[PDB]
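This report concerns only the one structure given below.
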Amino acid sequence: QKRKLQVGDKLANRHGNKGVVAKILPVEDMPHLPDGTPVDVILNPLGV
Amino acid sequence: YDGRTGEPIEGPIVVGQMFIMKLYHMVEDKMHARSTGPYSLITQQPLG
Amino acid sequence: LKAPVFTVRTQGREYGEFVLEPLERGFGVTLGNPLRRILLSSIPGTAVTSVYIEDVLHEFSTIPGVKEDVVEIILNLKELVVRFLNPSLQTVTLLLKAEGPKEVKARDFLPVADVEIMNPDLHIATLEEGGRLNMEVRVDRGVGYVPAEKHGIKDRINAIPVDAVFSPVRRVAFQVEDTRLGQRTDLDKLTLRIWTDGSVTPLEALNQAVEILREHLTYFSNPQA
Amino acid sequence: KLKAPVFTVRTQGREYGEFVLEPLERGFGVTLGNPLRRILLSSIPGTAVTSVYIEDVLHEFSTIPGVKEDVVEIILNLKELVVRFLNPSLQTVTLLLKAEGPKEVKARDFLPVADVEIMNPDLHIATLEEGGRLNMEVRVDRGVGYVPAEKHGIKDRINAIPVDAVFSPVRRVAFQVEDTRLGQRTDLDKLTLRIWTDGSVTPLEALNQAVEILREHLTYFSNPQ
Amino acid sequence: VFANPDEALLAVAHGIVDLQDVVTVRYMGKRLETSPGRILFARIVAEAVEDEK
Ligand SMILES: [Mg+2]
């Protein structure tokens, strides 16, 4: 079975920051750069 | 910019490119529910 | 404030700039953002929905003489851009029959009436001597992103459903400049930048977006207690 | 696709109302709600006090002898005045108020003018003591949005005090988007729009005007160059 | 100097002042000297409990 990322799946980076996906947003709801590029992931600064 | 309103976030944000991993812990493998099912031999309590 | 002048600057069928000026202060975001959201989600397009490869049962397999596995081939097909020249056309089946050795591109599909491939140079598979690739790719028309698990479309038994991303719009950006008319200096200049895959021109997408917003505004009528 | 949504209205009096539109496509609650809130708060035509004249008063920060309220408090009360022009041709007026102590001056004490209505005649203006005299000239204009006094700086006579112009009849807007379903569709939106007004225009009237403003602007994307 | 919280938050909507700017507002019969953000917080609590006093 080919598993796609879904809510409740666990993501992590190499620096010990880990978490589960809680929300998948449509492309038009994400914050975007002035050139129209939307970001892919939003991380809380309170974890740092 | 905020994709919902089109207004900028009131402060500059740290945006960048980060390497993130999808870990082996998936909610697909962990969600479990039971109403009734197998029971133990001696104690007759539900299995685990 | 008088009626703004509308200016259009287009680069081919894939990029376009649309300028509306002068506007009242704050109307750049009032007009620009609702259009961006509609452009990025609600513009109908065409996408590959199902692929059938001869002698292939599922997508977790390889083909003799073909360098790529079925999973990689389907990923290549998801980048195929197909333009329907007939507004009433809802579905098509593109046929590809290739023998190795060769680089099979999107230009290798057999021609169909009222169907145009917008990226003929798209690489699909690499065939080695003794390899053959006979497949039927079904291209449908729709809106949004429909995963293969939802539509589950199979024209035949061994066909493989493909996740469908129907949106023809690739990127949308709008710019608000500080224009001035007469003695009023707080006016807005709105510039919409639209990137499409070529099947729909940016002007066509903008017109469709405006109609969708106009149609939704008619819903604030016939109030009920 | 989805069928036309249902529009319900729940209006209490002439100053508060709730409007529900549902079901909507995913994300259209924000697409419709945000533009309407912006138009409601800045584009609905209204009237406001833009300048006041008080006999013997030099600057806004002084105090009138024989009246409880100081100049700052009186100007604050005037900014709460709701006046409606019954004539579309009428652009500006001046309300005259000559009062003698020790009465409690109300908004109803203004000399009646043709095709001008005080929506809140019980509004408290000032309190006079024995020997207190209030000779006041208030200039009411037509406009939209919020304009600070230092911006317009409108003075009819020397020693006139410009006052912040609260033109917008809409006092506050708060819209809400809820997740709803229609059968097997679970990503539908439910839009609830709540509008507070000063009473000169009903919340429904403001909503209809806001929709028309957005509808009119959408027609500007019509004639390229 | 704002006649009431609604006028103060209307000015914030138009970008005249920020939530953190200290200005003069008239609220509950008092000429307070606070920011629109603190006046907004007071309204948040008042509406949640539905009792302004
Ligand atoms: Mg595509």
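Here are the numbers for the structure shown:
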| quantity | calculated |
| --- | --- |
| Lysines with Cα under 24 Å of D:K3, excluding same-chain neighbours fewer than 8 positions away | C:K150, D:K190 |
| Signed unit charges on C-beta, dipole axis of the protein assembly as shown, positive-most listed residue B:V14, D:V6, D:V72 | D:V6 |
| Using alpha-carbon coordinates, inclination of helix C:27-41 to the longest axis of chain C, degrees | 10 degrees |
| Built amide H within the under 5 Å cut-off of C:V81, gap 5+ | C:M118, C:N119 |
| Exposure proxy order (Cβ contacts within 10 Å, fewest to most) of D:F19, D:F28 | D:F19, D:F28 |
| Per-pair calculated FRET efficiency, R0 = 35 Å: E:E52 and C:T185 via Cβ, rounded to 0.05 | 0.30 |
| From phi via Karplus (6.51, -1.76, 1.60), per-residue ³J(HN,Hα) for segment B:32-48 in Hz, x at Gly/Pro | 8, 9, 8, 9, 9, x, x, 10, 6, 6, 7, 7, 6, 7, x, 5, x |
| Likely footprinting exposure, C:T49, C:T201, fewest C-beta neighbours within 10 Å first | C:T201, C:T49 |
| Reach of E:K53 by Cα under 18 Å, taken over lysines that are not fewer than 8 positions away in the same chain | E:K30 |
| Under 17 Å from the Cα of D:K155 - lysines, other chains or at least 8 residues apart | D:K79 |
| Relative contact order of chain D, defined on C-alpha pairs under 8 angstrom at six or more residues apart (%) | 31 percent |
| D:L123 versus D:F7: modelled label distance in nm, points set 7 Å from Cα along the beta carbon direction | 3.1 nm |
| For segment D:209-225, 3J(HN,Hα) per residue [Karplus equation, 6.51 cos²θ - 1.76 cosθ + 1.60, θ = phi - 60°, Hz, x = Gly/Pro] | 5, 5, 5, 5, 4, 5, 4, 5, 5, 5, 6, 6, 7, 10, 10, x, 6 |
| Order of E:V45, C:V165, D:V6, C:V56 - criterion: other Cβ atoms within 10 Å of each residue's Cβ, fewest first | E:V45, D:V6, C:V165, C:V56 |
| Formal net charge of residues neighbouring C:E129 (Cβ-Cβ distance under 15 Å; K, R +1; D, E -1) | 0 |
| Relative contact order (%) - criterion: Cα under 8 Å, at least six apart; region: segment D:46-167 | 40 percent |
| Using θ = phi - 60° and Karplus 6.51 cos²θ - 1.76 cosθ + 1.60, couplings along segment D:58-72 (whole Hz; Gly, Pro as x) | 9, 9, 4, 8, 8, 9, 7, x, x, 10, 4, 6, 8, 4, 4 |
| 5 angstrom amide H check on C:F174, placed H, neighbours 5+ away | C:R193 |
| Relative contact order, percent, chain E [alpha-carbon distance under 8 Å, six or more residues apart] | 32 percent |
| Calculated Rg and Dmax of chain C using C-alpha coordinates, Å | 22.2, 76 |
| Averaged over C:144-154, number of beta-carbon atoms from partner chains that fall within 10 Å | 1 |
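Every residue, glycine as well, gets a Cβ built from its backbone with ideal geometry; the counts of neighbours run over all protein chains shown. Coordinate-derived values only; no laboratory data.
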